[PDB]
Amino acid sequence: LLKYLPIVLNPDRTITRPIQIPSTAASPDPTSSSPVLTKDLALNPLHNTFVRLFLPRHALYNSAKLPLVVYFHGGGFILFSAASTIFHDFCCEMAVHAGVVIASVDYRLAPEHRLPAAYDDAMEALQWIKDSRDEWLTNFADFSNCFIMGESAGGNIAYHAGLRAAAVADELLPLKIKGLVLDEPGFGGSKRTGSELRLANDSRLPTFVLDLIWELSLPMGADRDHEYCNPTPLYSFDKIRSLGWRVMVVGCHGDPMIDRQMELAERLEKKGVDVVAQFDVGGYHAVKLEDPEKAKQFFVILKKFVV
């Protein structure tokens, strides 16, 4: 198991995180070397949640405002942070190569805070952005052009945040959401799918490791057909349709979660939502976080989508 998640299971239903996940300090000052300026802002001290802003260096050498991306990291709901190096680095590259201001949310983790905790923090992050008078937000970010995005579990979160935000859209103004970006959103269910069975001995996401994730994440008692797990009523798509939101879903064939990711893109389309789907052959789960080349190909498509 330390072979697939950097955690210990203890005989009282809790976990221990014995392996440091490397993180990167914010770098808010423009005399720093960095092509991207970062700073952390306290969100809710009771939840110990915070937001990391990424401001691309090129925003400073003009006076136009960039689309604002609200980003949620991946990690099975149970690990990582807005400041973890791999998500920090991905978000710096996205700011530069997609031309975006990024608000990356450090949401509460499971099992200590089982779902719906992190959807709750997502909504506070939106209510808090709307209300914000932060200088980087106010001088450099286009509130009219906002996208909700997440990788993996963060794509799960981004999707539920998106549904909830659709309901209260009038309440967010000056914030105007134009779309959702779901990067291999993390999804499940009680019956195995074709990819789940085909890929069952995956070398990153095997069957047991994902069973484990949903066990730690889902409310106590729940099965994998819980609505937070398995998205596919959908009266909710009518509201998303009506507001004119585009949804990008992306994944690859070498991800066990593929059939559910693709199945959700089908359901969104089938219901009249403007869906930009991008499903590749091969690769594996989170290849974009390791492969600078595959990330770059994705920024070309996201840059497109964002304008």
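We number the residues from 1 along the sequence you see.
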(request) If the chain runs straight from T232 to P233, say none; otherwise bin the unmodelled deposited residues as 1 to 3, 4 to 9, or 10 or more. (result) 4 to 9
(request) Averaging the C-alpha B factors as listed in the entry, name the stretch that ends up higher: 93 to 101 or 204 to 212. (result) 204 to 212
(message) If you take the mean CA temperature factor per stretch, which one wins between 46 to 54 and 28 to 36?
(response) 28 to 36
(message) Take the CA temperature factors straight from the PDB entry and tell me which of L197, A141, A153, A117 peaks.
(response) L197
(message) By the CA temperature factor listed in this entry, which of these ranks top: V247, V70, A64, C252?
(response) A64
(message) Sorting by Cα B-factor within the chain, modelled residues only, which third would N145 end up in: lowest, middle or highest?
(response) middle
(message) By the recorded C-alpha temperature factor, relative to the other modelled residues in its chain, which third is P174 in?
(response) highest
(request) Please rank the C-alpha B-factors of the chain's modelled residues and tell me whether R192 sits in the lowest, middle or highest third. (result) highest
(message) Test of reading the entry: by CA B factor among the chain's modelled residues, which third contains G221?
(response) highest
(request) State the tercile, meaning the lowest, middle or highest third, of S236 with respect to the CA B-factors recorded for its chain. (result) highest
